[PDB]
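Before any questions on how it binds or moves, here is one chain, the form deposited in one PDB entry, in structure tokens.
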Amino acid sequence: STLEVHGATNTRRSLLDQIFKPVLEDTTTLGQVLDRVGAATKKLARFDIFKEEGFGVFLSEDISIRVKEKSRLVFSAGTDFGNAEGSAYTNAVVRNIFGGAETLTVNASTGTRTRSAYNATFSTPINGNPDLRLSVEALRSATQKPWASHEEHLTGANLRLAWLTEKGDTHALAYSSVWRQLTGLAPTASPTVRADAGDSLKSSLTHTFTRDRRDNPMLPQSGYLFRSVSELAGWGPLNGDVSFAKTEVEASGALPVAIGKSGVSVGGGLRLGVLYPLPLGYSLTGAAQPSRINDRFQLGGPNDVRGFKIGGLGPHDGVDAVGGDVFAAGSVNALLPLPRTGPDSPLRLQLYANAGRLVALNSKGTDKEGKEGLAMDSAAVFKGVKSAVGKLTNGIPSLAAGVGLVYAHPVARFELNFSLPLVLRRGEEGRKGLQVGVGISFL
């Protein structure tokens, strides 16, 4: 009947008129009325503009809803875990500019690898869906790359259209455009790192899918995860210095074993990835420039394949970790619970064993180019990707093993593992003792 919503002063009467005007079209089925009011109230909290302690729906006789708005300006600072050891971020948010919209200014100067990282992210919802958002970002970074000894200065702006669906899957569609200046070369830099040291553009367009059915992200005991990032740079209406097509499929899972609810949780995982060079312009047949070190994959590390350096497992020019074009990964786990403790503490005892491959792409077998030697046509690139995919499954992969002691914070996952490399390639730099892993994404 007659609905009153008190205490919402910095919200428009369009943003919360799209919500409660469908509700009043109900022209004695009291349960349907209460369920529709509860559905509208759960939709209203999907906008992140209200405090969870304010939602009081006090009926009469009809309806009378109350809310408490969040404050507008939120300055904040602290220490985040962006899969690194440390970070010192400052975070200024303006919570509700007109209705639903927000701005986030982030300034995270970190002494570890990213000495500066500036941000500005405006974000609106589209047509009153609280789950469909649209973001206009702008960045400026300078991040040290200590595996392949240089720095990368990234200035540009991207436009992301996220979408959370009704079944918990999250789509994404960004148009990025960067600068990617490579400089800051150490004296131990390789000739491969000196061959690519300068300016790029990389105007790209990348879809991201996620399907996260793990019951706990920081310590899975059941469920699965499917994630699929897929980029297209340079080809067609996009313009830049690089023009490629890069995909990546990551899987996961966990299966419980019996004794109660004892946390055994045999784990699993698999990553793949292929970087394909395309021509520039509206054609598929055409000469294609090979990839640069900005774009190639980096395998190995504490977060990625346990038992190796933070860049290992690939082509190495001297000591520098230059990248590959086709990779694979994967692991098994055991995650046994600790004795004299119930299956409720976040402490677990891991028994991992990973393996990985990271090969590059060359043009052997057809070398009649001579001069103008960098551009490669479609048949040469197709035979190169065929040979690299064949060189994945030719030989025992670069495998390691170990034990560990996982602690599962709500924002990160600390591991502290003792690894032991078993099978290597030459010049691949695996670590043999105690290794520390902090962050979210783990394999």
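Throughout, rigid core stands for the largest set of C-alpha atoms superposing within 1.5 Å between the two forms. We number the residues from 1 along the sequence you see.
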query: Unmodelled deposited residues between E53 and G54, binned; finding: none
query: Interval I259-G260, deposited residues with no coordinates in the entry (none, 1 to 3, 4 to 9, 10 or more); finding: 4 to 9
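Missing here is the form solved in complex with a partner chain; even so, the following discussion is about that form.
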query: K261, heavy atom within 4.5 angstroms of the partner chain in the entry with it bound; finding: no
query: Contact test in the entry with it bound: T285 vs the partner chain, heavy atoms, 4.5 Å; finding: no
query: 4.5 Å heavy atom contact, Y276 and the partner chain in the entry with it bound; finding: no
query: Distance check, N127 to the partner chain in the entry with it bound, heavy atom within 4.5 Å; finding: no
query: Answer option from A120, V74, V266, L134, heavy atom within 4.5 Å of the partner chain in the entry with it bound; finding: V74
query: Among 74-82, 218-226, 330-338, 243-251, the region lying within 4.5 Å of the partner chain in the entry with it bound by heavy atom distance; finding: 74-82
query: Conformational change between the shown form and the other one, one of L272, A334, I97, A88, C-alpha moving 2 Å or more after core fit; finding: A88
query: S228 C-alpha relocation of at least 2 Å between the shown form and the other one, rigid core basis; finding: no
query: Is_shifted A108 between the shown form and the other one (CA, 2 Å cut-off, rigid core); finding: yes
query: Is_shifted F75 between the shown form and the other one (CA, 2 Å cut-off, rigid core); finding: yes
query: Outcome for the Cα pair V33, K167 in the entry with it bound, compared with this form (closer or farther; change of 3 Å or more); finding: closer
query: Direction of C-alpha distance change in the entry with it bound, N83 to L434 (at least 3 Å); finding: farther
